Structures are given as C-alpha cells and as structure tokens.
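The structure under discussion appears below in the form of structure tokens.
Chain letters run A, B, ... following the sequence lines, proteins first, then strands; residues in each count from 1.
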Amino acid sequence: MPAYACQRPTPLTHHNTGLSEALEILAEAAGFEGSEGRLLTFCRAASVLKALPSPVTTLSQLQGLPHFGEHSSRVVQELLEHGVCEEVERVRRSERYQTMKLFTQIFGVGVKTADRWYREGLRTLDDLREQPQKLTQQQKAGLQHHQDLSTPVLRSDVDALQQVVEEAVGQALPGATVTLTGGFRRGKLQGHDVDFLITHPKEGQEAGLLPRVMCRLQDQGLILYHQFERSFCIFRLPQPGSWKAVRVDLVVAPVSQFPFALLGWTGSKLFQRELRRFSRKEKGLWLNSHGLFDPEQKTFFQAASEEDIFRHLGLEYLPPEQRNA
DNA sequence: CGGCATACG
DNA sequence: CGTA
DNA sequence: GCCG
Ligand SMILES: [Mn+2]
Ligand SMILES: [Mn+2]
Ligand SMILES: [Mn+2]
Ligand SMILES: [Mn+2]
Ligand SMILES: [Mn+2]
Ligand code: NA
C-alpha cells in the first residue's frame, strides 16, 4: 500500500466505513485546535482504510500500513474490541467540538472566527443572530440561509442547476462550456454544494466571462448571494411549490489551464493535497489548479487532459470516482 | 528534526 | 480574514 | 501524528 493517496484508487464506498469515520472525527477536532499536522495524519490514516479491499478485523492487519502509528492504531484497536473509542466519544460530546462544528459549517465562518466566538462565550446560532453588527455580509447570508444550506443537494437538483447556468453562460459567451466538477463528478449522490467549471475552446475568449455570467443569473432572480475567476454563490433553486437556497461555486479557466482546474476542482481535497505533495517532494514539480511547473527548467507542462497530468507525474491514471481519498 | 498544498475573493 |  |  503506497504512502500517498494519489498512488492508489479510493472508491466512494468501501469496507471500513466505521473505522474511517472515527479517525475523521479526530482529524476534524485537531483542525479545530489548529493542529494541521495531526489533522493530516488522521485524514491520511482514514483514507488508507478507505482504500483497503476488505474490512479490518484484527489489529494484525494494520501492520505495514502507512500512517498507522501508536495513536491511530489504538483508536482502531478499541473500535475492534469494544465497538467504541473512548477518545472519539469524548470528542463527539464535548461542548468545544460541537460548537466549533456548528460555527465552522456556517458559510463565511472559519476556524479562526469560530474559535474567537467560542472564547467570547458564544455557543448557538441564535447567539450570533442577537448581535448582527458582529457579522460580515457573507456571514449574515450564511446564517440566514443556514437551514437550507444544511440540507443535502441531490443529483436531481444538480441537473436543473446546470441547465440554468448553461443558459446564462451561453448568453454571456456563445461557445462557452459548463462542466460539473466537485464531489458529484466523483460519483457522490448528494453534496453540500454544486461546483461548475466554465471555459471556451478559443484561448482568451473566456476573459471577463464570470461577471457577465453573474449579471445574467442575477437578472433572472436566481442569486440570493454573491460577492474575477471564482464565484461562491447562494442560488435560489426551485422546489415543489417553493424553493431552497443552494451553494454553487462557479469557476472560469482558459482552455490551456482547463485540465489542471478540472483536476483540482474535482478533488477530493485530500487527494489534491496529496497529489501536490507528491509532485513537489517526489518529482520536484509544482502543481496547482493553473498548471504544473518545472522550477529547474522554468517551464510549464502543457496538458490537454487529466490523463496527460497523471502521465507527467509518473502516476497511474485514476478516474474521478477513484479519487475519493 | 522539518514538513505537512496552493491558490483566489 | 473568508473561500475552493 | 506520522514519515523520511
Ligand atoms: Mn497520542
Ligand atoms: Mn462541492
Ligand atoms: Mn464548492
Ligand atoms: Mn487565474
Ligand atoms: Mn518536530
Ligand atoms: Na464556514
């Protein structure tokens, strides 16, 4: 089992769901305390279990697995022996974890803001609503729409949204294309948001496109919130006899960059961090959602496909549905 | 021990 | 600071 | 927290 998540297929569903979910609780809690290193290790350990071909039944089976040391192994051993890990359960019911999770899931609130509010004695959403001047426009939108934004987006919602975005994109720039990315491209049946990548086959024609798209969506009454090449919006999505707010991310890239943007925006987040880590540390190349740079020759790799990028990096190709690290 | 991904709004 |  |  290789040490980087981008070196192994990781399917959306797998054979160690309970074990991986426990480790991901500890990863999330490490993040809430600002320990990005411990977050990464717990995330990586969880992802290793997602990539295994069958269930872990005995501690023996962790021998040799990357990212399993004394701590993550003890977590698994307790789950295998008692069905519960005392540390995980202690985190789950802690006031700190519950409140940081509630606050950080608000659009516009990150760990640093949530932590400051926590230290001020704040604990509930109504606590935040009671002092609106302590809030950005983005946070006000996140809190007004919080209930809708907490309900999963379904694949049925996605196709309706894509037709709407395509209509606005086609008026903004005939010939421009809209590609579904994010978790839905990896096969997820639900999501917290919808992600779209927009390009045009003639290099340079995409310049200035996103403002034109947003104006047209706004004129159609579809934009509940917006604040360039990336737009983080809240869309008004029709529902039987009403509607609901949905988070939508719109991204524009020139066709030269489109494979890199597609790769980055398709995720998963851990897969992309691992891919960039692998690129730099094992291949000496610098990867982002714009391109792949050789800092010794000071040149950018040209890619026409995701397949090109995996080949450049010496990695076997993984389709999106196997990037669920 | 140092490193831990890398951008834009 | 937020966002992906 | 783990790896090299
Ligand atoms: Mn420990
Ligand atoms: Mn998404
Ligand atoms: Mn998104
Ligand atoms: Mn750019
Ligand atoms: Mn150290
Ligand atoms: Na947030």
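A/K269 comes within 4.0 angstrom of a base, heavy atoms only. Across all strands, A/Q272 comes closer than 4.0 Å to no nucleic acid atom at all (heavy-atom distances). A/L275 comes within 4.0 angstrom of nothing in the nucleic acid, heavy atoms only.
When distances are taken from the side chain of A/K281 to each of C/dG2, B/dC4, D/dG4, the shortest belongs to B/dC4.
When rounded to the nearest whole Å, the span between CD of A/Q139 and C1' of C/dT3 equals 12 Å. One can place CH2 of A/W286 at 12 Å from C1' of B/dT6, the figure rounded to the nearest angstrom. Between A/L292 atom CG and B/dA5 atom P there is a gap of 17 Å when expressed in whole angstrom units. In this structure, CZ of A/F68 is placed 10 Å from P of D/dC3, rounded to the nearest angstrom. In this structure, A/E87 atom CD and D/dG1 atom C1' are separated by 11 Å, rounded to whole Å. Here the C1' atom of nucleotide C/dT3 and the CZ atom of A/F228 are 14 Å apart, to the nearest Å. Straight-line distance from the CG atom of A/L250 to the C1' atom of B/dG9: 14 Å, rounded to whole Å.
Using bins of under 30°, 30° to 60° and over 60° for the plane-to-plane angle, the ring pair A/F42/A/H71 lands in the perpendicular bin.
Note on A/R280: every side-chain N or O is 4.0 Å or more away from OP1 and OP2 of B/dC4. Dashed line: the shortest gap from a side-chain N or O of A/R38 to OP1 or OP2 of D/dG1 is under 4.0 Å. Applying the 4.0 Å criterion to OP1 and OP2 of D/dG1, one finds that A/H71 has a side-chain N or O inside that range. Phosphate contact (OP1/OP2 of B/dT6, side-chain N/O of A/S289, threshold under 4.0 Å): absent. Listed pair A/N288 / B/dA7 meets the phosphate criterion, a side-chain N or O lying under 4.0 Å from OP1 or OP2. Under 4.0 angstrom from either OP1 or OP2 of D/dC3 there lies no side-chain N or O belonging to A/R277.
Looking at A/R230, its side chain has no donor and acceptor atom pair within 3.5 Å of the base of C/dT3.
A cation-pi arrangement is absent between A/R247 and A/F235, since the terminal nitrogen or guanidinium carbon is not both under 6.0 Å from the aromatic centre and inside a 45° cone about the axis. The cationic atom of A/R96 (NZ for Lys, CZ for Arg) does not lie both less than 6.0 Å from the six-membered ring centre of A/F32 and within 45° of the ring axis.
Side chains of A/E24 and A/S20: a donor-acceptor N/O pair is absent below 3.5 angstrom, by distance only.
Side-chain contact between A/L275 and A/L263 is present, with heavy atoms from C-beta onward closer than 4.5 Å.
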